[PDB]
Amino acid sequence: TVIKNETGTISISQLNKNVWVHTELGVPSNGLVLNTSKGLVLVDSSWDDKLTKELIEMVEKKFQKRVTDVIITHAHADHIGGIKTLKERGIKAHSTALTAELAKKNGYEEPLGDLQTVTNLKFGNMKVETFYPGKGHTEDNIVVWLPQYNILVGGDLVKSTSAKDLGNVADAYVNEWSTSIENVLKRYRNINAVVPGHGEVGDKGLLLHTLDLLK
Ligand SMILES: [Zn+2]
Ligand SMILES: [Zn+2]
């Protein structure tokens, strides 16, 4: 079930009753839309305010609920870029302290810096755990786990099958990235789906693929 917007710039495919993948062309970036009984929760918004606004507006209309929260999985422009939109609309922008301070350092408005190494959030019925596994794609990258579905949002820590290299490594810690991936595999031993930062949803295999890319 793939719902595109007017432009085809934004696309959402359903994973289950309450979890959707959002994908925007900026190179396609993935995030999640969590349809919860208390509103919509995004795992990552989009590249900039324009797309973040279109994203929110598309999901709010479709699901007939407000976006209440977003989880920002790292401070890169393409993840933090819609922060202005989130803050001015009173959408809670969750992040680790490190992501927030990187955002501030890079001139972005700050997300909450409320996430710890492991943080468990609950939005209505929807359970969400955020996990900082260590440095990888960036020093601050986190993953997001939906324990009710065993769905892992890998963000840019995790490369899709189609990714034949590590992408942008300017901010990366290619020595620690393998350990960070291991930390994810150790923590989540039973994974139903993994959503990479870009590309097609996969499973545990994407974490193995990322490991190989790191050799
Ligand atoms: Zn990045
Ligand atoms: Zn990304």
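Along the chain as shown, the residues are counted starting at 1.
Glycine too: its Cβ is placed from the backbone N, Cα and C atoms.
Swiss-Prot lists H74, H76 as Zn(2+) 1-binding residues, and of the candidates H22, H137, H198 the one it assigns to that same site is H137.
For the unresolved segment of 6 residues bounded by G26 and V27, the separation of the terminal Cα atoms comes to 5 Å. Each of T73, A75, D78, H79, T138, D140, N141, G155, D156, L157, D171, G197 belongs to the same chain as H74, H76, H137, is absent from that list, and has a C-beta within 8 angstroms of the C-beta centroid marking the Zn(2+) 1 site. The Cβ neighbour count for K159 (substrate binding site), using a 10 Å radius and every protein chain shown, is 27.
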